[PDB]
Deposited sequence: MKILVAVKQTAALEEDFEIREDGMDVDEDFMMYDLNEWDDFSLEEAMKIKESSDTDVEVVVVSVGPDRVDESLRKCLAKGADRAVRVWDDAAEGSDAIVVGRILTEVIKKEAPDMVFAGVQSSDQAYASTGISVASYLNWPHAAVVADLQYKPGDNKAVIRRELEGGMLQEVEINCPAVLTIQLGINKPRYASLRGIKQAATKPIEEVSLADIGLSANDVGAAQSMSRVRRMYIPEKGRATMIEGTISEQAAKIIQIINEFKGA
């Protein structure tokens, strides 16, 4: 049994980031971490390994350059068995549909029995990659899963998707399947200092595009389905700032509150 979890290291900007030139934010203002969704998704796989008296292989896989190793190391430390990073400089600027392709060819080698992805990423919030993987692979899918009922080897699986305004809907899905996991399906763990440590002895496995049958010609912004024309910061508001003390800022809120009763 094997669960492949696809993971993204996402960028957050610091306050007073700026722009190149035009076509992106300045490489300096970015801080990298593991996409928030992926915690829950990896947790979900470990939750499966944990609960079954049979052997289960959780492996994490990332398409990124090597600043990503640091996030993979964190997955390692939180229980994952093996970690694989796909990269070529060619791949730079690949949108979600290209990342779909690159992920697929890795997933074709690993041959896992289920694949998890994150509803979306926090930076690009595309909300498209995982399902795109589902497509090249031709596997059954579901996006936005709040609860999973699966036993390694089973061949159907009962998930619940999370709908607007609250409701959930159960859905029985055939496996192998892809699913994109939502926030809150579970409470992910923190690595222990022993985890951190043993993980520091593991290898992060390098895989290039040729190892999966792909070349310069299959990847990166040029073969994406959208071209950036330019980014810009939006003008942000017509709102009134209040400046001064607590006693004042708070005095103001209390005027407004009282203006309403």
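- Item | Deposited-sequence ranges lacking C-alpha coordinates, in sequence order | According to the deposited record, C-alpha coordinates are absent for 21, 263 to 264, which together make up the missing parts.
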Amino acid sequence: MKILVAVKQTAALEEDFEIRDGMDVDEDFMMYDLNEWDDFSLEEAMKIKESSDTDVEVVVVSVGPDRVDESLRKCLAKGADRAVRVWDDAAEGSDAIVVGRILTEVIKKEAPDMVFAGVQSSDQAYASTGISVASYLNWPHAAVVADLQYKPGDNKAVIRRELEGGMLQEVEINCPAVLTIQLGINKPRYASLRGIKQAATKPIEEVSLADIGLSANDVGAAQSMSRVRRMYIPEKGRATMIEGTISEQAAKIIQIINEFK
From here on, numbers count along this sequence of modelled residues.
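Between two forms, the rigid core is defined as the largest C-alpha subset superposing within 1.5 Å.
- Task: Please indicate which stretch deviates more in 5 other deposited structures of this protein: 184 to 192 or 98 to 106, judged by C-alpha RMS distance after a core superposition?
- Result: The stretch that sits farther from the shown form in 5 other deposited structures of this protein is 184 to 192.
- Message: If the other structures are each fit on the rigid core, which stretch ends up farther away in C-alpha terms in 5 other deposited structures of this protein, 28 to 36 or 226 to 234?
- Response: So, of the two stretches, the farther one in 5 other deposited structures of this protein is 226 to 234.
- Compare the other PDB entries of this protein and indicate whether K47 is left unmodelled in at least a third of them. It is not, since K47 is included in all of the other entries that model both flanking stretches.
- Item | Absent coordinates for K197 in a third or more of other compared entries | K197: unmodelled in at least a third of the other compared entries.
- Item | 152 to 160 set against 112 to 120, stretch whose average Cα temperature factor tops the other in the entry | If you average the C-alpha B-factors of 112 to 120 and of 152 to 160, the larger mean comes out for 152 to 160.
- Task: Look over 215 to 223 and 197 to 205 in the entry and identify the one with the greater average Cα temperature factor.
- Result: According to the PDB entry, the answer is 197 to 205.
- Message: Comparing recorded Cα B-factors across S192, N35, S62, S41, which one is largest?
- Response: Within the set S192, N35, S62, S41, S192 shows the top C-alpha B-factor.
- Message: Quick check for you: using the entry's CA B-factors within this chain, is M1 in the lowest, middle or highest third?
- Response: Middle third by C-alpha B-factor.
- Query: In terms of the chain's CA B-factor thirds, is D88 lowest, middle or highest?
  - Reply: It falls in the top third of the chain.
- Message: Quick check on the deposited entry: does the C-alpha B-factor of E50 sit in the lowest, middle or highest third of its chain?
- Response: As the PDB entry reports it, the C-alpha B-factor of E50 lands in the middle third of its chain.
- Position of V178 among the chain's modelled residues by C-alpha B-factor, lowest, middle or highest third: Lowest third.
- Grab the CA temperature factor for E57 from the record and place it in the lowest, middle or highest third of its chain. Middle third of the chain for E57's C-alpha B-factor.
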